[PDB]
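Asks: Below you'll find the sequence and an experimental structure to go with it.
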Amino acid sequence: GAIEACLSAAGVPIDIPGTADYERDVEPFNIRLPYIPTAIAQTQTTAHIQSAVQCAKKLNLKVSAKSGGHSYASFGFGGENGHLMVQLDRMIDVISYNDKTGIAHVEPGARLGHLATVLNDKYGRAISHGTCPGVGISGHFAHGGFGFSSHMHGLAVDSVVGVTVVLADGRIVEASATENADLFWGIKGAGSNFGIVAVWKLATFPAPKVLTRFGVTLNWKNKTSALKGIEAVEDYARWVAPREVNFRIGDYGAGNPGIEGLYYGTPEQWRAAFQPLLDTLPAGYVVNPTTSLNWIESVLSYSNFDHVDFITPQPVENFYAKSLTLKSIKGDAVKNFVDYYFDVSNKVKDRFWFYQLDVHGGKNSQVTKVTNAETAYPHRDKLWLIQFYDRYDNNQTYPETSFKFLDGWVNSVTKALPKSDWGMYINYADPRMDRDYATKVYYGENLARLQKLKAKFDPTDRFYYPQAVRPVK
Ligand SMILES: *Cc1cc2c(nc3c(=O)[nH]c(=O)nc-3n2C[C@H](O)[C@H](O)[C@H](O)COP(=O)(O)OP(=O)(O)OC[C@H]2O[C@@H](n3cnc4c(N)ncnc43)[C@H](O)[C@@H]2O)c(*)c1C
Ligand SMILES: O=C1N[C@H](CO)[C@@H](O[C@@H]2O[C@H](CO)[C@@H](O)[C@H](O)[C@H]2O)[C@H](O)[C@H]1O
Ligand SMILES: O=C1N[C@H](CO)[C@@H](O[C@@H]2O[C@H](CO)[C@@H](O)[C@H](O)[C@H]2O)[C@H](O)[C@H]1O
Ligand SMILES: *[C@@H]1O[C@H](CO)[C@@H](O)[C@H](O)[C@H]1NC(C)=O
Ligand SMILES: [Cl-]
Ligand SMILES: [Cl-]
Ligand SMILES: [Cl-]
Ligand SMILES: [Cl-]
Ligand SMILES: [Zn+2]
Ligand SMILES: [Zn+2]
Ligand SMILES: [Zn+2]
């Protein structure tokens, strides 16, 4: 048909329904949420991306880029059927590395494990990003990107010093502090809104040689212990936690919470640094043996796979997820959170679920050294980044009634807070919110500026998806 002909006329490779490449490319990470693009352009160059955007304009189509395909909402498809999908995941190279500056230029289809492998093995370098090796660089970096080096070195987005971008009108432009700084600001936290990033330009650091993985089995057997433990962790996070300590509270055992973390330094330095928290934890915790690691080893250690260099998708999952970013969990919020934890969550046994309470902000958190005004990322004044995840087996249907489980847990916290105290993180995209509400919680104090920038760069909503920022002149 018309779109296939258009793409082929411009030399853009297209997927053919029924072939291996098509089946691979069209499969969402979240199989709860498949969409059917009108066509898939499997791009190899910037020029391909550009030509694909031209065809979209010619045929009046919406266009969506898919990088690693990890959108919890399948937004890489456009979050609905019938978009032109620009499939980026064969564009995987570290294009160049400058050893005077430590800056790398990277293609937009490189996955985190692959990015980390190439930068380590070829250049001895590292970037602070997420833990999942199959996550795409573009979705991740465009909206933040949090992991076990973030307390020490900041968000994935904070490594970004420039981009090459294909705009809605087909132009290719550079953005950085010194050129299209307004576009640059939007790309850094809300990047899916403003074009298709074709090259990431990224500051790196020397790959650390000395790292310690640590863990604490909390043994919170009841509401009271959990309430006291979460209070104690917030205290340590807000006022004490050194830069070198990166951690979260996680429960993957419906009642077996643990601290997991990464410390920049030796096991003995970790213990001394963490002791103030261990001293205030409810009694009964058990400190796990530490593991000594270098950089590449730490990448493998938190990956949940037997390798990290992914150039293909990871196995798919079938799930629903939600998020919160909070100034503080103290007060009725934690009370309500723990009530639900014990009276509802721990009795949910028909599928796997977890929460993670990530130490995102706090006095010594590198994430907080950037303010909300400085990039699109709006969560700089939030101490907690919280993930809620609800997963069924791939041979089951996610039940229509199951949504109320995560909805109720999140409501347990939000009902206790003024709206100004909390947001939501679009890297944990939750499609069950209308366009206005979603963008309000995803972008906080930066939404109004983002709406203007949207009117400037994508006034026809060419890159539309249901939780894109609205263009408002
Ligand atoms: C599946 C998965 C997700 C994880 C995991 N671990 C995370 C972690 O340790 N920290 C985090 O901060 N986040 C974690 N996430 C969530 C991911 O961060 C998000 O799901 C990312 O958005 C995934 O990025 P990507 O794989 O590239 O997702 P896509 O679905 O392809 O696109 C997302 C979004 O971005 C737009 N987009 C893609 N490509 C571009 C370009 N080049 N330019 C502009 N916009 C782009 C898409 O259109 C879509 O809107 C661990 C696991 C296992
Ligand atoms: O769905 C598809 N889409 C991809 C993207 O076009 C096709 O790949 C191409 O197939 C071409 C034709 O054989 C090869 O020359 C080229 O190297 C290869 O990338 C693949 O054969 C086809 O099944
Ligand atoms: O953002 C994220 N997203 C993914 C979800 O897509 C999480 O993966 C989970 O991490 C858990 C903790 O290791 C595992 O037990 C679980 O099986 C695995 O799916 C990962 O820990 C988290 O950082
Ligand atoms: C919770 O567990 C702790 C551990 O012993 C205990 O002190 C406490 O009595 C238990 N329950 C309550 C309601 O405190
Ligand atoms: Cl094929
Ligand atoms: Cl809409
Ligand atoms: Cl709309
Ligand atoms: Cl308007
Ligand atoms: Zn590789
Ligand atoms: Zn306290
Ligand atoms: Zn393997």
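Replies: The structure has been received and is ready for your questions. Residues are numbered from 1 along each chain as shown. Ligands and ions are numbered 1, 2, ... in the order given.
Asks: in a helix, that's where residue 165 is, yeah?
Replies: No - Residue 165 is assigned strand when assessed by DSSP: H, G, I helix; E, B strand; the rest coil, not a helix.
Asks: distance of the residue in the chain positioned nearest to ligand 5 from ligand 1?
Replies: Residue nearest to ligand 5 within the chain (Cβ to the ion): residue 21, separated by 3.3 Å. (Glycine included, C-beta is placed from N, CA and C.) As defined by Cβ to the nearest ligand atom, to the nearest Å, residue 21 lies at a distance of 16 Å from ligand 1.
Asks: Over to residue 368?
Replies: 16 Å.
Asks: Surely that residue and residue 362 touch.
Replies: Yes - contact criterion Cβ atoms under 8 Å: residue 368 and residue 362 qualify, at 6.9 Å.
Asks: Give me the more crowded residue out of those two.
Replies: residue 362 (21 against 18; other Cβ atoms under 10 Å).
Asks: so what's the more buried one closest to, chain neighbours aside?
Replies: Excluding the flanking residues, the one nearest residue 362 by Cβ to Cβ, 6 or more residues apart in numbering is residue 237, at 4.4 Å.
Asks: For the helix or strand that contains that neighbour, list every residue counted as buried.
Replies: Residue 237 is part of helix 223-239, with elements assigned from DSSP states H and E. Neighbour counts using 16 or more other Cβ atoms under 10 Å place 225-230, 232-238 of helix 223-239 among the buried residues.
Asks: Residues touching it, excluding its own?
Replies: Applying Cβ atoms under 8 Å, 6 or more residues apart in numbering, the contact partners of helix 223-239 are 218-220, 249, 257, 259, 276-277, 280-282, 284, 328-330, 334-335, 337-339, 341-342, 357, 359, 361-363, 383-384.
Asks: center of this structure - which residue?
Replies: The centroid of the chain falls nearest to residue 427 when counting by Cα atoms, centre = their mean (3.7 Å).
Asks: Not counting sequence-adjacent ones, nearest residue to that one?
Replies: Beyond its immediate neighbours in the sequence, the residue positioned closest to residue 427 (Cβ to Cβ, 6+ apart) is residue 143, lying 4.7 Å away.
Asks: Contact partners for the one you found?
Replies: Shown in contact with residue 143 (Cβ under 8 Å, 6+ apart): 157, 189-192, 377, 425-427.
Asks: List just the nearest of those to ligand 10.
Replies: Distance to ligand 10, by Cβ to the ion, is smallest for residue 425 among those, at 25.2 Å.
Asks: What are the phi and psi values at residue 390?
Replies: The phi/psi pair for residue 390 (degrees, to the nearest 10) reads phi -130, psi 100.
Asks: Identify the residues contacting it.
Replies: Going by Cβ under 8 Å, 6+ apart, the list of residues near residue 390 reads 319-321, 351, 353, 402, 405-406.
Asks: so residue 323 bridges to which residues?
Replies: With DSSP bridges as the criterion, residue 323 is bridged to residue 387.
Asks: Residue numbers of the stretch 101-250 of the chain in contact with ligand 3?
Replies: Residues of the stretch 101-250 of the chain lying near ligand 3 by Cβ under 6 Å from any ligand atom: 131-132.
Asks: Let me see the ranges of the helices in the stretch 101-250 of the chain.
Replies: All helices of the stretch 101-250 of the chain, identified by DSSP state H, counting those that start in this stretch, fall at 112-123, 137-142, 150-153, 181-190, 223-239.
Asks: what about residue 25, which SS state?
Replies: helix.
Asks: excluding its backbone neighbours, what's nearest it?
Replies: In space, and not counting its chain neighbours, residue 25 is closest to residue 87: 4.8 Å by Cβ to Cβ, 6+ apart.
Asks: how about that neighbour, what does it touch?
Replies: Counted by Cβ under 8 Å, 6+ apart, residue 87 has contacts 15, 25, 40-43, 66.
Asks: Most neighbours among those residues, which one?
Replies: Using other Cβ under 10 Å as the neighbour test, the contacts of residue 87 are led by residue 41, with 30 neighbours.
Asks: Any idea what it is bridged to?
Replies: Beta-bridge partners for residue 41, by DSSP bridges, are residue 14, residue 86.
Asks: any idea how far it is from residue 57?
Replies: In this view, residue 41 and residue 57 are 14 Å apart by Cβ to Cβ, to the nearest Å.
Asks: tell me the contacts of residue 13?
Replies: 41-44, 48.
Asks: quick one: it from ligand 2, how far?
Replies: Going from residue 13 to ligand 2 by Cβ to the nearest ligand atom gives 3 Å.
Asks: Phi, psi for the nearest residue to residue 383 once chain neighbours are set aside please.
Replies: Closest residue to residue 383 apart from its sequence neighbours, by Cβ to Cβ, 6+ apart: residue 361 at 4.0 Å. Taking degrees, to the nearest 10, you get phi -100, psi -150 for the backbone angles of residue 361.
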